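**Student:** Quick check, what structure comes out for this input:
(2 chains, ligands or ions: 1)
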Amino acid sequence: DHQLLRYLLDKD
Amino acid sequence: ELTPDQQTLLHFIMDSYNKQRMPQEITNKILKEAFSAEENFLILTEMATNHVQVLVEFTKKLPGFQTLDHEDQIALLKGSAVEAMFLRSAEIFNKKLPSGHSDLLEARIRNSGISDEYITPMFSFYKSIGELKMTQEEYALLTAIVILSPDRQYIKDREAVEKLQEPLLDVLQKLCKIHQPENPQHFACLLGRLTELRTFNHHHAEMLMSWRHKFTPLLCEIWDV
Ligand SMILES: Cc1ccc(Cl)cc1N1CCN(C(=O)[C@]23C[C@H]4C[C@H](C[C@H](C4)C2)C3)CC1
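**Tutor:** Numbers count the residues shown, from 1 in each chain, chains lettered A, B, ... in the order given. Now the structure:
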């Protein structure tokens, strides 16, 4: 269930 | 006085903190939307959700934060979300709105289905913080210090977090000597509000289990709802 926060952290 | 590297760190933090603010559509929704528990609740859900986005953007730019273990990154975000939300909400409530919008936002908060158990410590905390008369630098640093708290649960490398937090504390400490030499315990007073802040973890957990209005998927993820 990381999906949203992980996306927000990793995105450029 | 601030050494030039402390000045470079402050300037870098402030650029990240000023970079994202409150969108006009939400602010106007405070003034113009229907007043009812469900509608008041929805506005607040929408402010909290925008705050999460802003919080992640600010957190990712903190010096050293991207060098931490990926699981630690997530634990810090999750652990600090509520506290950071309350700190930003205090800033907005005291400093970033016209006198009209503060009164109306207070009303909306008081009639959004939230228990009195939670409302009273909230407004007490906002008045407490408001009496410190913090500058924007002080809000930015305290937000950064709260996010880089090494004592969150399930942090593997606590020493690594301490190293990132400490320079921010040292800068905040120098700003309390400079902007209020009158009050030599001002720094400790600020850190006293972190203690008040931590109580909102319990209050917020309580308000959450005491539901079921829908939250957003981002809120559910970061609050573990
Ligand atoms: C007034 C402000 C401005 C900015 C931000 Cl980021 C948050 C706030 N709030 C202060 C705290 N607060 C809450 O605890 C919630 C938590 C949760 C979702 C939503 C509606 C209910 C239940 C109260 C927001 C009001 C919204």
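**Student:** element containing the nearest residue to residue B:23 once chain neighbours are set aside, please.
**Tutor:** Once flanking residues are discounted, residue B:23 sits nearest to residue B:50: 6.7 Å by CB to CB, 6 or more residues apart in numbering or on different chains. C-beta here means a position set from N, CA and C on the backbone, and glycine is covered the same way. Element membership for residue B:50, per DSSP states H and E: helix B:37-60.
**Student:** helices or strands up against that helix?
**Tutor:** With contacts taken as 3 or more CB pairs under 8 Å, 6 or more residues apart in numbering or on different chains; DSSP states H and E, helix B:37-60 sits against helix A:3-10, helix B:4-18, helix B:24-32, helix B:70-94, helix B:99-110, helix B:136-147, helix B:217-223.
**Student:** Just give me the residue closest to the centre of chain B.
**Tutor:** When CA atoms, centre = their mean is applied to chain B, the residue found nearest the centroid is residue B:84 (2.4 Å).
**Student:** name the element residue B:149 belongs to?
**Tutor:** Per DSSP H and E, there is no helix or strand for residue B:149.
**Student:** Wait, it touches residue B:161, no?
**Tutor:** Yes. Residue B:149 is within contact range of residue B:161, at 7.3 Å (criterion: CB atoms under 8 Å).
**Student:** Are there residues contacting both of those two? Which ones?
**Tutor:** Residues touching both residue B:149 and residue B:161 (CB atoms under 8 Å, 6 or more residues apart in numbering or on different chains): residue B:76.
**Student:** Same drill for the two, tell me which one is more crowded.
**Tutor:** residue B:161 (23 against 18; other CB atoms under 10 Å in any protein chain shown).
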